[PDB]
Every structure is written in C-alpha cells, then in structure tokens.
Amino acid sequence: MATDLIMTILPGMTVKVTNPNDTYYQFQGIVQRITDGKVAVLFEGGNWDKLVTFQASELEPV
C-alpha cells in the first residue's frame with residue numbers, strides 16, 4: 001500500500017463537483033468525454049444541454 005488507486009473517472013459515470021472555489025460546488029452531472037487534460041460533464045433539462053469542462057481533481061464519482 002505504498003501505491004494506492006484513489007479514483008477512476010470514465011464516460012457515463014455520475015460525478016459531483018468537489019472544489020469549494022468553483023460555482024458548481026456539489027452539483028452532479030454525467031461525464032460525456034475525457035480529452036486533452038479536461039473532463040467534459042453534461043447537465044441536461046427539458047430541451048436544453050449544458051457542457052462544462054473541469055480538471056479531474058475538481059470531481060468525484062458518486
């Protein structure tokens with residue numbers, strides 16, 4: 001236990017925003033894409049989509 005896996009983030013997982021400096025702190029969305037150092041998270045309602053990019057260390061799987 002010198003080496004410990006802390007978390008894995010994959011498309012399709014539900015994630016929460018865990019950075020208390022970010023305006024979306026505590027909100028939950030679904031991971032859509034991981035690319036170029038960013039995690040793209042989707043929030044959706046009736047007839048709208050919003051895609052927001054975070055750094056991995058700002059998120060946690062739920």
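Below, all heavy atoms of this structure are taken into account, side chains as well, without hydrogens, waters or symmetry copies. This chain uses plain numbering: 1 for the first residue, then up along the sequence.
Interatomic distance, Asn19 CG to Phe54 CZ, rounded to the nearest 0.5 Å: 9.0 Å. Interatomic distance, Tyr25 OH to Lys16 NZ, rounded to the nearest 0.5 Å: 7.5 Å. Between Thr14 atom OG1 and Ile30 atom CD1 the span is 4.5 Å, to the nearest 0.5 Å. To the nearest 0.5 Å, atoms CE (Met7) and OG1 (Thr18) are separated by 7.0 Å. Atom CD of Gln28 and atom CD of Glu60 lie 9.5 Å apart (nearest 0.5 Å).
The side chain to side chain contact (heavy atoms under 4.5 Å, CB included) test with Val39 is passed by exactly one of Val31, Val52, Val15, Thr53: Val31.
Among all heavy-atom pairs drawn from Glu58 and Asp22, the shortest one is OE2-OD2, 3.5 Å.
Heavy-atom neighbours of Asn47 CG from other residues, nucleotides or ligands within 6.0 Å: at or below the threshold of 12. Counting heavy-atom neighbours within 6.0 Å of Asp36 CG, excluding the residue itself, gives a total of 12 or less.
For the pair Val41/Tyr24, no side-chain contact is recorded, criterion being any heavy-atom separation below 4.5 Å from C-beta on.
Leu51 is not connected to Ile9 by any chain of hydrophobic side-chain contacts under 4.5 Å among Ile, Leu, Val, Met, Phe, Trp and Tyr, and they are in different clusters. No path of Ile, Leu, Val, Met, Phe, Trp and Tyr side chains, each step under 4.5 Å between heavy atoms, connects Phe27 with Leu42, placing them in separate hydrophobic clusters.
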